[PDB]
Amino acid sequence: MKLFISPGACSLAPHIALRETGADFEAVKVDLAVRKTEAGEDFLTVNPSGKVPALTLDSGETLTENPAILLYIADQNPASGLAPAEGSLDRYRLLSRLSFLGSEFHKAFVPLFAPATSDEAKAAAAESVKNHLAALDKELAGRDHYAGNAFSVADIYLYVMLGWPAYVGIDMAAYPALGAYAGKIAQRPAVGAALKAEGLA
């Protein structure tokens, strides 16, 4: 099983998830600029969009999209309990959470990670990020978990993105509940293990 990643990118979530489950896999780093793997291979052959994360199974089939990859990882080792049992109703809540993160929150940042983005555009994106953080901060105030009451891949996914604002000049001190929320997660050994492996710890 190969998980294609890029240091600190959205692919960190799947990375942390695989380390939480202990499943075997090799992390293959990708140079998103040249769109080539560390080994030097052409990543476009793996995922035509050139984006990470990408998960290639032992069968040879590759899976893309964080929500799909995260749920897949969790389901291969249910003992880890990173996702509600298949068929359960809390599963849709999780899906909804993963989908909000990938389609709304994650996208609010994109303009801030773009080279030729107008000042007003950046100002607009920064404004959207903050509005999301404020809503997320209010939602998690007094709560430890984003989807339900157990630790899940949605928490891992959100944790990762919560490390992006400070990256784009936004001070998290304005969101106490998020800082507390993220702080707990940052301590799990799998988080530090994934980070160290990417060379960011």
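Numbering starts at 1 and runs along the sequence shown.
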query	finding
Mean C-alpha temperature factor, higher of 147-155 and 29-37	29-37
85-93 or 99-107, whichever carries the higher mean Cα B-factor	85-93
Identity of residue with top Cα B-factor, from 162, 54, 44, 68	44
Residue 62 - Cα temperature factor, lowest/middle/highest third of chain	middle
Among modelled residues of the same chain, the CA temperature factor third for residue 112	highest
Cα B factor band for residue 10 (lowest, middle or highest third within the chain)	middle
Residue 140, C-alpha B-factor rank within chain (lowest, middle or highest third)	middle
Third of the chain's Cα B-factor distribution that residue 133 belongs to, per the entry	lowest
